[PDB]
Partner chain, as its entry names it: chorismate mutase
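Just one chain follows, in the form solved without its partner chain, and it is written as structure tokens.
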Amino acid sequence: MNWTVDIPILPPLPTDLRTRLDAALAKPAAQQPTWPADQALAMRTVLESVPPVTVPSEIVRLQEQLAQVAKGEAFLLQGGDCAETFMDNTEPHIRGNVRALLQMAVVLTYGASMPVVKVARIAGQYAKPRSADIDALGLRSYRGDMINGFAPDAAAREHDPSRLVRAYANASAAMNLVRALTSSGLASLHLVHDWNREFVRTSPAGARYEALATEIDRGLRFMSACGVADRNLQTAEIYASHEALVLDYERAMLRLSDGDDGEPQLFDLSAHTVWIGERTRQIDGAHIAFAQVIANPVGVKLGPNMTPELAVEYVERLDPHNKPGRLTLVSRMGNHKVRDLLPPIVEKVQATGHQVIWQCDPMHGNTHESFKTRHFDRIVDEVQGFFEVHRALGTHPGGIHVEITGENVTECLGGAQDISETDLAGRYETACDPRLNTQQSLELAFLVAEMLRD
């Protein structure tokens, strides 16, 4: 019960790009799968000839849109599953996650009074880092479906390089549907807002969000009243992102491009934008060096051990040309620490004259065990603290990065539903970290819109 692909038996990379890529990949790389080199090379050779998930002109367009974010003239929303799985890579699940992100985007667009750049964790979020090799059950840790299987048995946890090709197949299939959905009616502003209005009338805390929902509704109707050309309301752009973790995968998805802008560059065409996590951001490591040789916008996760001085080193290495929006610094401090730890980092980075996007990840600093879980109020409070830090400094609170789903899961405590510890057992479906369910993600949008409205 296998499908079977052939290992395929152009002009070479420009000499300098080959040199730089090899140098980047020769550096130490944390959190890599352990599979045979010959097998990995077979899979890379397959992936080097597949159609790309994204194309360079979209990445250049995203860079332009992110430059507006960095300049204080747009807001970045990034969200989706903590981990995609091959099993749940289905039309309803994709449709649900795209809907949940669009619903947030409407509320955040209105609240920010500026465009929102909408970036899904989708079409490649198939690899995760682990602090431990051996898990709580004594098994080799699950590292996402690009590496091994979620099932709790030894054979499933074996690192399988064929998962590189399965991950690409699943990613391009998802991406095709995201494109179709967003261009063909799912992203109609009016339809998306109708879902928000239904949330407000059926949610336990709907009375809380009714006033802002109605103001949004009246804002939408005002556009029709004014006779606005409305094609821009019928569709939205949803960009693809994931953590750039498995370097066998990312290097195989590199393509060379440019006869539009000056010189040929390497673009990672597995996504539009990628980020480097806490456990793989070693300053002299392969992940950061790889990010230096690709043209895509990138982000780096910054946790509570971050110094102002290291943050500047990231900026100087990853934004060497001072291109607004090329670099996003993703704060994940914990709600109890963000107000204290973030200001000195922001000050020192702003003093460089570079314009990064400051993005809040309020998930990864606020996890505990009841089930691995997160309380909704701590999530909300970290974004609140993040906004306070920026208001005090006159800097731009540029966006959020959240883990969400359109599914009615029971993974995070709280929200208007008041999800309890005993409730968690009902629909705890994440392959990894607890996600805000569709209602909690929308509620967070409304709360953040009020922080924006200030």
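Numbering follows the first chain given and starts at 1. Note that the rigid core is defined as the largest set of C-alphas that superpose within 1.5 Å between two forms.
Enquirer: How about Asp423: is it missing from at least a third of the other entries compared?
Expert: It is, since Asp423 is left out of at least a third of the other entries that model both flanking stretches.
Enquirer: Among other entries of this protein with both neighbours modelled, does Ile59 go without coordinates in a third or more of them?
Expert: No: coordinates for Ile59 present in every compared entry.
Enquirer: I'd like the number of residues from the deposited sequence that lie between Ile9 and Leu10 yet are not in the model, binned as none, 1 to 3, 4 to 9, or 10 or more.
Expert: Gap size class: 4 to 9 residues without coordinates, per the record.
Enquirer: Which class describes the count of deposited residues lacking coordinates between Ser370 and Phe371: none, 1 to 3, 4 to 9, or 10 or more?
Expert: Gap size class: 1 to 3 residues without coordinates, per the record.
Enquirer: Per the entry, where is the mean C-alpha temperature factor higher: 128 to 136 or 314 to 322?
Expert: Mean B over CA atoms: larger for 128 to 136.
Enquirer: Tell me which of 336 to 344 and 75 to 83 has the higher mean C-alpha B-factor in the deposited entry.
Expert: Result of the comparison: 336 to 344.
Enquirer: Between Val53, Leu62, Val46, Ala392, which one tops the list for C-alpha B-factor in the PDB entry?
Expert: In this record, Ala392 carries the highest C-alpha B-factor of the candidates.
Enquirer: With respect to the C-alpha temperature factors reported in the PDB entry, which of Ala154, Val116, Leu329, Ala180 ranks highest?
Expert: In this record, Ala154 carries the highest C-alpha B-factor of the candidates.
Enquirer: Is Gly399 in the lowest, middle or highest third of its chain when residues are ranked by C-alpha B-factor?
Expert: Tercile = lowest for this residue's CA B-factor.
Enquirer: Within this chain's modelled residues, let me know which third the CA B factor of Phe199 belongs to: lowest, middle or highest.
Expert: Its C-alpha B-factor, which the entry lists for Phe199, ranks in the highest third among residues of this chain.
Enquirer: Going by what the PDB entry lists, where does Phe376 fall on CA B-factor within its chain: lowest, middle or highest third?
Expert: Highest third.
Enquirer: Classify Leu442 as lowest, middle or highest third according to the C-alpha B-factor given in the PDB entry, relative to its own chain.
Expert: Its C-alpha B-factor, which the entry lists for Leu442, ranks in the middle third among residues of this chain.
Enquirer: By its CA B factor, does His364 count among the lowest, middle or highest third of the modelled residues in the chain?
Expert: It falls in the top third of the chain.
We do not show the form deposited with its partner chain bound, though everything after this point is about it.
Enquirer: Pick from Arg208, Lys348, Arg197, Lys337: which has a non-hydrogen atom within 4.5 Å of its partner chain in the deposited complex?
Expert: It is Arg208.
Enquirer: When the contact criterion is heavy atoms within 4.5 Å, does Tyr142 count as touching its partner chain in the deposited complex?
Expert: No.
Enquirer: Can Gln384 be called a contact residue for its partner chain in the deposited complex at 4.5 Å between heavy atoms?
Expert: Although its partner chain is absent here, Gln384 would touch it in the deposited complex, with heavy atoms inside 4.5 Å.
Enquirer: With a 4.5 Å heavy atom cut-off, would you call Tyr314 a contact of its partner chain in the deposited complex?
Expert: Residue-level check for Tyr314: no, no contact with its partner chain.
Enquirer: Is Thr373 close enough to its partner chain in the deposited complex to count, meaning some heavy atom within 4.5 Å?
Expert: Result yes; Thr373 sits at the interface with its partner chain in the deposited complex.
Enquirer: Using a 4.5 Å heavy atom cut-off, which stretch among 288 to 296, 199 to 207, 326 to 334, 351 to 359 contacts its partner chain in the deposited complex?
Expert: Selected range: 199 to 207.
Enquirer: Just one of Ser113, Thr214, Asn305, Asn232 has a CA that shifts 2 Å or more between the shown form and the other one on a core fit; which is it?
Expert: Of all the options, the C-alpha that shifts by at least 2 Å belongs to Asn232.
Enquirer: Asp16: CA shift of at least 2 Å between the shown form and the other one after core fit?
Expert: Yes.
Enquirer: Since the C-alpha distance between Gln234 and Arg61 changes by 3 Å or more in the deposited complex, give its direction relative to the shown form: closer or farther.
Expert: Closer, not farther.
Enquirer: Quick one: in the deposited complex, is the Cα gap between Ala229 and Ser188 smaller or bigger than here? Answer closer or farther; it shifts by 3 Å or more.
Expert: Note: Cα gap between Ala229 and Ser188 shrinks in the deposited complex.
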